[PDB]
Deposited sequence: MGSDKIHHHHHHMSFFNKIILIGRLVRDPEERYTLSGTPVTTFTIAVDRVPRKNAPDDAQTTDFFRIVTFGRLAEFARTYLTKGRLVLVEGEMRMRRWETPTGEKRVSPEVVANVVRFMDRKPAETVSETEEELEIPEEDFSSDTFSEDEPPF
């Protein structure tokens, strides 16, 4: 329950290699190019998905990303907290 919903699904290329970035643990970020001019999206992954991201994802590679569109303030910064990342190619 809640009464709200936030879902984003993107398919794009990785335009550069993922950054592994362990918190407190594992966080991997990468930005994908989702062309329509292009839209660029910062993707964030956590835990095993962060782990999967860093040890398998590389630039150019085409991925599906499923997650939430975070509008994080305070100066509003848009990131996708991914719950799913699959290779497409």
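Asker: Should a student be asked to find the unmodelled regions, what ranges of the deposited sequence would be the right answer here?
Answerer: Since the structure holds only modelled residues, the stretches it omits are 1-11, 36-37, 50-60, 98-104, 121-153.
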